[PDB]
Each structure stands twice: as structure tokens, then as C-alpha cells.
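So the sequence lines, in the order shown, correspond to chains A, B, C, D and E. Note that the working numbering gives residue 622 to position 156 of the first sequence, counting from 1, and the numbers run on in steps of one. Note that the working numbering gives residue 627 to position 161 of the second sequence, counting from 1, and the numbers run on in steps of one. Note that the working numbering gives residue 622 to position 156 of the third sequence, counting from 1, and the numbers run on in steps of one. Note that the working numbering gives residue 25 to position 7 of the fourth sequence, counting from 1, and the numbers run on in steps of one. Note that the working numbering gives residue 931 to position 118 of the fifth sequence, counting from 1, and the numbers run on in steps of one.
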Amino acid sequence: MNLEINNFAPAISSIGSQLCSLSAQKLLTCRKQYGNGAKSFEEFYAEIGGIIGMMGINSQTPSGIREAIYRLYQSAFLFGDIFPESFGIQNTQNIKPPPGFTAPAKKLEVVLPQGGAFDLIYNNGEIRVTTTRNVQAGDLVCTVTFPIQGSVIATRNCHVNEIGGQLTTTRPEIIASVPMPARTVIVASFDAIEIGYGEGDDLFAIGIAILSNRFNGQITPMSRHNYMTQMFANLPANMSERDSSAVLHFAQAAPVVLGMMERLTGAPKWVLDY
Amino acid sequence: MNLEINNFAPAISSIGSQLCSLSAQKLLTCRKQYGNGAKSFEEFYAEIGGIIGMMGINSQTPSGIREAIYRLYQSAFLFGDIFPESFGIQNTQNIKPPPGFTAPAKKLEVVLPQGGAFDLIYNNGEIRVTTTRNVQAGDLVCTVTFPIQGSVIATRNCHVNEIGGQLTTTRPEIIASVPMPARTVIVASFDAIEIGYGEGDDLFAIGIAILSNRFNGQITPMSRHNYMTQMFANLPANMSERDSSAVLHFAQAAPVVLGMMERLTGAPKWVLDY
Amino acid sequence: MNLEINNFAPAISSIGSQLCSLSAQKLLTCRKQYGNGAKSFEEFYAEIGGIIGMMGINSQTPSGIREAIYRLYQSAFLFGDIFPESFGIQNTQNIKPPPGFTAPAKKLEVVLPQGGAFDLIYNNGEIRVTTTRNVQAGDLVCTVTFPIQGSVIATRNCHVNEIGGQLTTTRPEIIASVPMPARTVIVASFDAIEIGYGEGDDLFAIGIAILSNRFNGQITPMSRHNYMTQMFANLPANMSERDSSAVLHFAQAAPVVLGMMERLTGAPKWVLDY
Amino acid sequence: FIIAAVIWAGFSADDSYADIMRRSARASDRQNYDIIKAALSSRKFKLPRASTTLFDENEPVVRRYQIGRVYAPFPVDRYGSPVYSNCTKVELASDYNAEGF
Amino acid sequence: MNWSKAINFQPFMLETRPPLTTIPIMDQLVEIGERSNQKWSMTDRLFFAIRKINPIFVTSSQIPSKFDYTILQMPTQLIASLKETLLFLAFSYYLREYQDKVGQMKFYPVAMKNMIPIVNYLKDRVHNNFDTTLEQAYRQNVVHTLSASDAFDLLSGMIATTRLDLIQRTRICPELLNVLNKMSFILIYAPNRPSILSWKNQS
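Right, here's the structure in full:
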């Protein structure tokens, strides 16, 4: 999946997230006032679900919201560079902090150092490493590339910099504490939260297909974990962590809302409470 | 941590939780109508985020809520068993029930029988012990000190009381069921819920520092799980489950709200819907 | 720490120093007019101490001052190309001189030239090296890189260019006077004042963390001495001694004021009397 | 710029109305206005300037065309508080003397 | 458009228009542009106006733009001088009051030499004390150091037009004649003087 994220992404993402929030709040309101009748719920929503109070939509229909989402996504994640890097937008338009991430870190992503001295397998929430040769205490065995935050549980034959059970840094590295003979095993489990949101995976699966049909060459169907890892990997290096969260919120919310407009079920708290 | 909980902790907690819920609801109310102009959201919240009608609070700015939270926390959990006459406490018996716990029990807390007979290692949600010496069927192996409720999965070479896969008692005990020699290993996994509220873990980490920079002699930064284990261990023996629930709800809500008033993101459901 | 100081730094630094001085003046004025009562000191300060009226600060709360400090600091010292056109930056033709430095030079920076012929250790007020081989008279053994100014006391087996007790140059160099055998020790103590100020170090510790939590990838918390040495080393070569003073005054005034707004204690004289 | 110059002619120690009007050559109207506005929000002088913000509240109704935001002509805020660009209260430590007025 | 006269469709001017699906989004970004002071002029102090002069290379015409902030370059290796940079800046500034603001398609002149090094030099050589304006820099570096014929020869090289083509074309398009007149150029062919071009009497 190849995509070019510019320096204007947070500004577009704020508008996108506001549109998604308003669309979801309308669905819960329409959903609360449906009375069983000849007209189905799909028609009932499609007849009044697009009337929302928001500038920038040129239609009072769900098609208008869908096209607004499409154009915002294309401008933010696929078009490329807009304007010189010195163009000043943050000063006049401030953005709103997105909700904190809630996705549990199950398949935490790590990279082994060069030398082929270690064997890596994955588990539910931990990683265990097998040593092919003798290793001296106090050297890198692993390091995470996908940021993570939370508590730490059940470290064996390794030491992680932490105080009071809480990890000190968002990118911990695993180091040994005792010299290990070959064929030893060292484990590290974390009760932590990765980048993303954990609710609304059924909606994401069909929304990503909906928006991959249109951008066929750029976006491909995939799981939420892979999508978010690639989106985080494509973020510009010279960008704050306060804006990366704003970009990622819209990046995951757009497929969720697209799939929500098809399967007219509820909405996740993260999309609604923006 | 060192801290003393007085007999009137539920009365203080029932006011602190109400104040926290009021502040969170006001935060979302102001977050819904943010103008998105030249002023940032921090200035907007500092200008219109206060509560004006609660007895006990002496300012219409957020600082008033912060100072009230500080007073209530110090009175309820710290060494000074000072009864706050400033907030109006009319009945110390009436206590609105708090929401049920939602924290998954990943690192379950267990203690060995003291015979030095088993080795203890942890995992994502299960404990497993290895017999150092020969053991006969029908004797204690492990017992949990942190109360736990939920289901039981993957019980091998051990027995727990269960009805339809559900745990009977809140403090299950693991007893071997078969004569098992030669350093064998038994496992016990639980799909259960411990004490506390899993949601909003990011705000807890930033709020515990805020309230430890003030009560540095009594409170230190740490993870939520250890904080709750110690807080539950410090509860008086003459305490019902209806009251300890309120005490623990306030004990977790205070750091979460303190950290939420700094990072103006959303609020967890268990704080809003108290 | 990675940072790029631009040519426009003095204009930003003048505004930052003026804002910090105004904040300190307001803090002391509100600290003298506080009568003990129902409201705590922080509530009193939040209501009136925050109000300060300059172009570009749009708030009567301390949050506005905090955001203004953040924006000016990011514009002046951080990597992103940002300039705040909203402040009184257009009429910065003339810049008021900043107060002179008062930081004692306890750990002064020197560099051994080459050949590993000398081993360096430090003391509270003096430096000393051990010659590992024969040395000729009148050659360079060490030279300072961090500028100092003051008197010289207790020089042994060396010579510095000083007349009347005062060092003639801001970058003194030490040269041996007599050919000396291996294992000889030359010493030089200075009663001088290095760059930066001395008062307010408690506020610096809690302000550097505050402004490192925001720019989490750009600034790492550390002591004032290393901070100032890196700031001086990152100054452009083509800068006068008058503008660099303003830049280095703002670079320290920002963290100390950020920490002062947290702990509502007094303010340093150099911050206030700008 | 002309309003600002007329106001500043009576508060500056040295420059007269013609001297301020002459500043048109070595600058722009916006830049000169910014300079004079910064001079009127200093420690010595504080003259509040009327300001306004964008407005986005609309009552929903079915319509065919698009909608947009407009500034509010009046300088009061949604909550009734006055909106000023530099300061909330007038505090000037001198008298306005210009050309004998 | 016919309203855009015929100057906007000259060989040395390139038309730009973003992708059709992104046009509504680009419109609201440039609105935030005018809300800020993201524009430059000739009658303004260089101290800040030098920051907002950022020429870019035109790889493709499908690029978004603000009429008061956009300066284009051809992807070449030749490096222009300071006088050429000022001449092109004046030309581009005075040429944008014929911009067609109703039709979405904007038209900009394209410089045939690189302008980045001179812009960086000016941006690094500018201080808080100096009060120089872009127009004053143009005057003291072009009008008072070169003849009108030499300045016209320089200007042509920046826009890839033979001075003969420009001189002949001024006789057909009065808009170009006004644009050149705004730059202190005067074209009187009635007497047989040595040069057809001269600078305008100032003050």
C-alpha cells in the first residue's frame, strides 16, 4: 500500500473527524426514533440521515457524506504535497485532541538486531526469544518499532526499564540480566495498548473494501493492525506526536464510518465522542 | 505507598465520584460546541469548563474542581482523617451504587502454600506451577488474594470449584486432583475480571504523577494494577462490598479525572455514567 | 537534543522575555494582595493573575500564557518552520538589552588539544591535568570552549593572560611556564561567571520536563549547565554578542516561567527585572 | 491604518499626524497597522480593539444549496462577553494632545 | 476565459488546476490562507515578506495554488542573479491583477532560471533593524544600476522570450504594455532616439 502523507494532514483530519462524529450522532438519533412501519429502517435512515448541521457537504443525503469522506481522504493521504512547507495554517486554525487509543497490543512488532543470534516467535501478548549461541548479559535482544504504552508482566531472564510496573518509555528495548547458554528462552509480556482503536472491527472490514474499490491501485484490503502499522510508518518524520494522533484518528475513522453507513448498526464510542 | 483509610471513606467517595462525573460531563458538553477558531481548546476549557452550583466548590474555574478533588482525596485516603465540613454530608449511610468493574485480570495475584513445594511463573492470563517434590492428589497448590470473578478455561491437572464453566467463589483455590510425580507442571487460565476499570489507562498515568507531585510523601507514580492492589490491601476488614466498591471507584476516578483535566481528550464510560 | 536556531531568533526572544517578565510581575502583585480565606491561592491566581494584555495572547487565564510560551519557544528554538505573525513582532526594530549573567562557573568546559598527553579531572572550582610525558615550556595544554568572565585565583605551574587579577579574554587558555617532568600536576581555579543565570534552578527542573513532554522527540530533560552549553553550541557563527544574550535569556526564561506557573512560589530577579 | 494613525498622533511623544502618515513608503498598510496596534497594547498605553470570530451555528432545514461560515458584524461573543484583539480594559497613562486638541 | 484578456494564454505562462475531486478541499485551505497573512507585495517591508517567497518547480500542472503567494520555476540547472530575481518578482506581482478569479484555472508565469539560492541569500541576509522594502530593493538594484535596455534584455531571458518578440507583442496587447509600465518602463517609438526603452521619471 503506497501513499503520500503531506504536512496538511491534521487540518483535513480535523474536518474529517468532525464529519464522522456528526454522522454517527445522527444515526443513533435516527435509530432511537424509528417506529416499526411499512418503511424499512434503511429507507428511513436514507431519507433523514443526511440532514446534519455541518458546512462543506453540498447534499442532504448519505451520498453527499460519502463523497465528502472520499475527497477528504484523497486530499489527506493520497494526493501528495500541497503548498510550500512554510505555509502557515496551525496559527489560525487549532485542532481538537482526539480520544486516547484503546486498541490492545496483541501482536507487538519488534525487530531483531543484525547477527542472526536470536530466534523470534510470537504469542498472544508476549514474545519469547531463543538464543542460537552464547550471549553476554546486558545487550540488545529486541526492540519495538510500533509504539506501545502500558504495564509490564512476567519478564523472565530479561530486564526492562520500568518503575512501579509502568514502562518508562514508549519504545522499550529488551536487554538481558544473566549470561544465557545457547538454546535458552527469554520472554516479555505486556498489558499495554498499541496505536489504534479496538472497537468497530466489523465495520472496518467492509469500509476498507468500500474505499479500496475506489482507490484500487493505492489501497488494498487488509487487517486493521497492518493498515495502522503502515499508516504510522508513512507519517512524515518532522511531525509532532500531537498531530500524528489526529491524523491516525481520521485514518481509522473513515473506513469505520464508510462501513457503518452500509451496515446500519451502532457506532463506536471513539468515533462518536470526538 | 503509605495511607490510612478511615471509617467514613464511603461518604467522601460518594461526593468525589459525583464531582468527577460532573466535571467529565461538562468537559464533553464544552467539547461538543468548540468553535475551532483562533483560540485553542485549552483556553476554551479554561474559560467555560467550571461548575457553578455545587456546595463545597469556591471557584467557577476548573482550578476549583481540582482543589476540591485534592481536598477530598487527602481527607479520604491520606494520613489526616479530617472530616470535610465544607462539603455538605447529610447522611453517611446513603451511597449510590457505582458501576461494575471492567478491568481484565491479566496478571492474577496468587500466594504459594509456604511449604516451598511449587515454582510460580506468570503468563497473559494464566498461572502455571512446577512441583519441586512429590505431591499427592487433594491438597492446596495456589490461592488468589485479589478477588476475581469470571469464567474458567483450560484447567489441566488441577481442580477448581465451578458451575457451568463459571467460578463459584470470588477467591478460588487450586488443588491438585491426580497423584503427579517427577516435576510435572499444572496450568490454570481464567477469562475473568479483576478489580478496577480497564478503560482510560492513559489518563491514569498522567494523573497519578499530578497527584504524586503534591502528596509525594505518601503517593508515588506506579501502574494502575499495583495501585489498586495496594489500595484494596489497605481497606479495613470491617467493610462491606457495597462500600469498598465506592471507595475503589473514587480511588481510581481521582487520578483519571486529574489527568483528563490536563489532556483534554474524552472521558471513560465508567466515569461519565456514575 | 536536536534544534536549529534561525536568524529571526532575537525578535521572538524579545517578545518571550517581555511576556515572562509580565507574568512574573503579575504573580508577585497577586501574591502580595492575597488574604487568607475560603479560596486557596491557586484559585485566586487563576482568576486574576492570568490576565495580561499584549498582541497575540488571547486569554485571561494562565492557559493562554502557557500556549503563548509554547508557540514562541517552538518558533524560536524548535525544528519546525513556524513564525507567530499575531504578536507584536513587527515593531521589533530596537531590542532592550537583557540582564547580565550571574551563573557561577563551577564545571567549566575545556578540550585537551591532541596526543593524549594529559588526563583531565574536575573539581568544585579548579581543573588539573597530569602530564604523561615531557612537555616544553610555553605550549598549549588546555583551552576553554564555554566563555567565562571573572577573576583568577590559585594558579600553579602555569600562566594565564591576566592583569590586575582580571582575565583579559572571555576564552582564557592555560600554558605551562617551565619544562616539567612526567606525573607533574598543573592546576587553575577561577572565580568567574559562565553563560546563563543561577537563581531559579528548582523551577528549571519542573519546567524542562513540562516543555519536554510536549516536544517529546526534540527535547530531553537534563541539567541547566548542559542545556546552556548545547544552546550556545547551536548558535550560528554570524551573530552579535547582543542578540545572543537575548536568545540565551529567553532560552532559560521559558522553562523557569513554565515551572513557576505550576508551583506558585516567587520568581527569580533576572526573569522579573528584564 | 488611518484610524490607528489618527489615534496614535495624540499619544506618541514625538511623531505628529503627518509623520505617521509618512510611514506609508517604508512599509505596508497591514504592517503599519500592526506596528501601531502593538504600540497601543504596551505597558504605557492600552486601548482595546474591537474584534470578531467566525460563526458556525445554524438551525437545520432542508435546502438544495451549500452553506458557509460568516464573521459576526457585532463585537460580542456567543456567551455575551465582549471580544477584543489586544486587551479587555482601557488603561493609558497619558493624555491625548494632538495639534492643540 | 475571454475576460482573462489574451495575456493569460501567452507561451511563457502556464495554467494550473488541481484534481477535480480535490477542488472543494483546496478552496477551504486557501481560505485559511487569506485568514492568515500568507501573501506578499512590493510595497511592504522585506523583513517578513522575504519569508513568504518560496518558488517551486513545476513537474506537473495539476498543483493547488494561491494567486498572491505562488511563484513557479522550470526544473533547470542554471542559477539566476539578484537583478533577474527582482525583475521576475516585479513582473509576477504586477501581472496578477489580470488573474481570472471566476474560472478555477489559474495562470502564472514560469521562471526559466533557478531562484532558490538568491531567495535564501536575501532571507539569511535580512535583520530586524533594516526597513528595506521589496520595491526599494527593486529600485536600487535594477532601476539605478542598469539601463532600461539591459533590464529588458535580462527580463526576457527569465521568461524565455526574444526581446524582439516581447517588443513586438507589446504593440498588440495593451495589458502587457500596462504591466511593463508599472515596472517603470516607457516605450515611445516616435523619435529616432538611440534606445526605444527608458526608465520613468520618479517623483
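In this text, a Cβ means the ideal position worked out from N, Cα and C, and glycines have one as well.
Original post:
Who are the near neighbours of E:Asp881 in its chain, counting only those whose CB is closer than 6 angstroms to its CB and skipping five residues on each side?
Top reply: The residues are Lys852.
Original post:
What residues match up with C:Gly616 in a beta bridge as DSSP calls it?
Top reply: According to the DSSP secondary-structure assignment, C:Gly616 is paired through a beta bridge with C:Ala658.
Subject >> Contacts of E:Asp944 in chain D (Cβ-Cβ under 8 angstroms) >> reply: Neighbours of E:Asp944 on chain D, chain order: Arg44 and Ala45.
**OP:** Classify E:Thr835 as helix, strand or coil using the three-state DSSP reduction.
**Re:** Here E:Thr835 sits in helix by DSSP.
Original post:
For the segment 52-59 of chain D against the segment 854-868 of chain E, are there 3 or more C-beta pairs whose distance is under 8 angstroms?
Top reply: Result no; under three Cβ-Cβ pairs closer than 8 angstroms.
Original post:
Taking Cβ positions only, does B:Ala512 come closer than 8 angstroms to chain D?
Top reply: For B:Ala512, the answer is no, since every Cβ of chain D falls outside 8 angstroms of its Cβ.
Original post:
Nearest-angstrom Cα distance between B:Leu714 and B:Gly662?
Top reply: Looking at the two C-alpha atoms, the distance is approximately 7 angstroms.
Original post:
Should A:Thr695 go down as buried or exposed, given a rule of 16 or more other Cβ atoms within 10 Å for buried?
Top reply: When all chains shown are included, A:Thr695 counts as buried.
**OP:** Compare the C-beta of C:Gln696 with all C-beta atoms of chain E and state if any pair is closer than 8 angstroms.
**Re:** No, C:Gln696 lies away from the interface with chain E (no Cβ there is under 8 angstroms from its Cβ).
Subject >> Where the beta strand (DSSP E) containing E:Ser1011 begins and where it ends >> reply: Segment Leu1010 to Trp1012, the beta strand (DSSP E) holding E:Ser1011.
**OP:** Inspect the beta-carbon positions of A:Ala654 and A:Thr621 and report whether they are closer than 8 angstroms.
**Re:** Yes, the pair counts as a contact, with Cβ atoms nearer than the cut-off.
Subject >> Residue span of the beta strand (DSSP E) that contains C:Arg594, given as start and end >> reply: Under the DSSP assignment, C:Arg594 falls in the beta strand (DSSP E) whose first and last residues are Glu592 to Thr597.
Subject >> Neighbouring residues, chain A, relative to E:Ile869 (Cβ below 8 angstroms) >> reply: Ordered by position in chain A, the residues that pass the 8 angstroms Cβ test against E:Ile869 are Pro550.
Subject >> DSSP beta-bridge partners of residue 15 of chain D >> reply: Here chain D has residues from 19 to 119 only, and residue 15 of chain D is not among them.
Original post:
From which residue to which residue does the alpha helix (DSSP H) around A:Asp668 run?
Top reply: Start and end: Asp667 to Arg680.
Subject >> Cut-off 7 angstroms between Cβ atoms - residues of its own chain near A:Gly631, not counting five sequence neighbours on either side >> reply: Counting only Cβ-Cβ distances below 7 angstroms, and skipping sequence neighbours, we find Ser617 and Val618.
**OP:** For C:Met646, collect the residues of the same chain with a Cβ closer than 7 angstroms to its Cβ; drop the 5 residues on either side in sequence, then sort them by chain order.
**Re:** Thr597, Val601 and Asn623, listed in sequence order.
Original post:
Is the CB of C:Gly482 under 8 angstroms away from at least one CB in chain D?
Top reply: The beta carbon of C:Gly482 sits no closer than 8 angstroms to any beta carbon of chain D.
Original post:
Does DSSP classify C:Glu513 as helix, strand or coil?
Top reply: Three-state result, C:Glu513: helix.
Original post:
Is the shortest distance between the beta-carbon of C:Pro734 and the beta-carbons of chain E less than 8 angstroms?
Top reply: So, not an interface residue.
Subject >> Residues of its chain near E:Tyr906, where Cβ-Cβ distance is below 6 angstroms and the 5 sequence neighbours each way are ignored >> reply: If we look at E:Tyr906 and ignore the five residues flanking it on each side, its Cβ neighbours are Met855.
Original post:
Between the Cα of E:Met928 and the Cα atoms of E:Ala893, E:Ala961 and E:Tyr934, which residue gives the shortest distance?
Top reply: Measuring from the Cα of E:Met928, the nearest candidate turns out to be E:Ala893.
Original post:
Just curious, the beta strand (DSSP E) that E:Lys919 is in, first and last residue?
Top reply: Residue range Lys919 to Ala924 is occupied by the beta strand (DSSP E) that includes E:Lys919.
Original post:
Taking 8 angstroms as the CB-CB cut-off, is A:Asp739 touching chain B?
Top reply: By this cut-off, A:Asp739 is an interface position.
Original post:
Mind pulling the chain A residues with CB within less than 7 angstroms of E:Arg864?
Top reply: Using a Cβ-Cβ cut-off of 7 angstroms, E:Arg864 is close to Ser552 of chain A, given in chain order.
Original post:
So does C:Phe474 have its beta carbon nearer than 7 angstroms to some heavy atom of the ligand GDP?
Top reply: This structure lacks the ligand GDP; in fact it carries no ligand of any kind.
Subject >> Whether C:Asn590 touches C:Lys562 by CB criterion (8 angstroms) >> reply: Contact: no.
**OP:** Please check if any C-beta of chain C sits within less than 8 angstroms of the C-beta of D:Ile20.
**Re:** No, because no Cβ of chain C sits closer than 8 angstroms to the Cβ of D:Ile20.
**OP:** Could you list the residues in the segment 522-556 of chain C with a C-beta less than 9 angstroms from some C-beta on chain B, going in chain order?
**Re:** Those would be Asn524, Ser525, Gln526, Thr527, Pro528, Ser529, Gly530, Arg532, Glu533 and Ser552, in chain order.
Subject >> Alpha-carbon to alpha-carbon, A:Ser487 and B:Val737 >> reply: When rounded, the separation of the alpha-carbon atoms in B:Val737 and A:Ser487 is 21 angstroms.
**OP:** Kindly give me the distance between the Cβ atoms of E:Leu827 and E:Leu885, rounded to whole angstroms, as I take these residues to be in contact under 8 angstroms.
**Re:** E:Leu827 to E:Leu885, Cβ: 7 angstroms. Contact.
Original post:
In chain D, which residues lie less than 9 angstroms from A:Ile517 when you measure between Cβ atoms?
Top reply: Under the 9 angstroms cutoff, chain D gives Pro78, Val79 and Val80.
Original post:
Would B:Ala534 be called buried (16 or more neighbouring beta carbons within 10 Å of its own) or exposed?
Top reply: By the 10 Å Cβ count, B:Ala534 comes out buried.
**OP:** Out of E:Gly916, E:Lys926 and E:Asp913, state which residue places its alpha-carbon closest to the alpha-carbon of E:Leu902.
**Re:** Distances from the CA of E:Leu902 to each of E:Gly916, E:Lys926 and E:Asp913 were compared; the closest alpha carbon is that of E:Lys926.
Subject >> C-alpha distance - A:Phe567 paired with A:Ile659, whole-angstrom precision >> reply: Between A:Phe567 and A:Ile659, the C-alpha separation is close to 7 angstroms.
Original post:
In whole angstroms, what is the alpha-carbon distance linking C:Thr609 and C:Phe543?
Top reply: If I take the Cα positions, the gap works out to 28 angstroms.
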